[PDB]
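Below is one structure, written out as structure tokens; comments come after it.
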Amino acid sequence: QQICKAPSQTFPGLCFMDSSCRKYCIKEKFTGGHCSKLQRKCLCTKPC
């Protein structure tokens, strides 16, 4: 499965914990999410 990614619209502030991002992303109708260690954004993921 190819995975598509988009920045979270609902995650507040800086992203350090993947688990928190994942929770917000699932509520956004994605299937997961992770922090970009780079820019500290929550990135939501789902199958393309």
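Count residues from 1 along the sequence. Because only heavy atoms are used, hydrogens play no part in the values below, and waters and symmetry mates are left out as well, while side chains stay in.
Distance check, rounded to the nearest 0.5 Å: OG of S36 to CG of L14 gives 10.0 Å. Between the NE2 atom in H34 and the CG atom in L43 there is a gap of 4.5 Å [rounded to 0.5 Å]. With rounding to the nearest 0.5 Å, the separation of SG in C42 from NZ in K23 is 9.5 Å. Taking CZ from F11 and NZ from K27, the interatomic distance works out to 12.5 Å, rounded to the nearest 0.5 Å.
Residues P47 and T31 approach most closely at CD-OG1, 3.6 Å, considering heavy atoms.
Looking only at side-chain heavy atoms (C-beta outward), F30 and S8 stay at 4.5 Å or farther from each other.
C21-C35 SG separation is not under 2.5 Å; the pair is not scored as a disulfide.
Partners of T10 by side chain to side chain donor-acceptor pair (under 3.5 Å), not counting sequence neighbours, listed by chain and number: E28.
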**Prompt:** Taking it one step at a time, do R22 and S19 satisfy side-chain contact (heavy atoms from CB on, under 4.5 Å)?
**Reply:** CA-CA 5 Å; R22 184 183 317 131; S19 51; 4.0 Å; yes
